[PDB]
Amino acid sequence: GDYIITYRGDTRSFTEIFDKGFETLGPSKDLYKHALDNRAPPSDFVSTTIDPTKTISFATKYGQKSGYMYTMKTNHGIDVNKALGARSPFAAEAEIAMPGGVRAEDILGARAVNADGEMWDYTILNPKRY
């Protein structure tokens, strides 16, 4: 039962995320099909990364909007590169796929990021955990 830290960029505010966690959009548990196209069929994984710098282009929509970077601690994630190997399509994302999503209780905090990639000087703690 080993826990690890991972990160996610999201446009959704911490008021929602701290309450409801990160939910999936589909029932498919096939990791190969998740990697090919996680909307066809819609997959039962939430994407996170072990590399926090990889969240910023996504959270800002390529330097166009503000957003948030979330930090979490989980023990149920699936290391995609580990499962797929050389044919992992986007190996440099260092993706940890979370089956069935991430409970609100496992989200530790949030730190906002503006469109120019500048972030808060602090992290807001998840009160559902603290």
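Numbering starts at 1 and follows the sequence shown.
- Mean CA B-factor, 11-19 versus 108-116: the higher value falls on 11-19.
- Averaged over their C-alpha atoms, the temperature factors of 25-33 and 50-58 are higher for 25-33.
- Ranked within its chain, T74 lands in the middle third, by CA B factor from the PDB record.
- Per the deposited record, the Cα B-factor of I96 falls in the lowest third when ranked against the other modelled residues of its chain.
- The entry lists a Cα temperature factor for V80 that places it in the lowest third of the chain's modelled residues.
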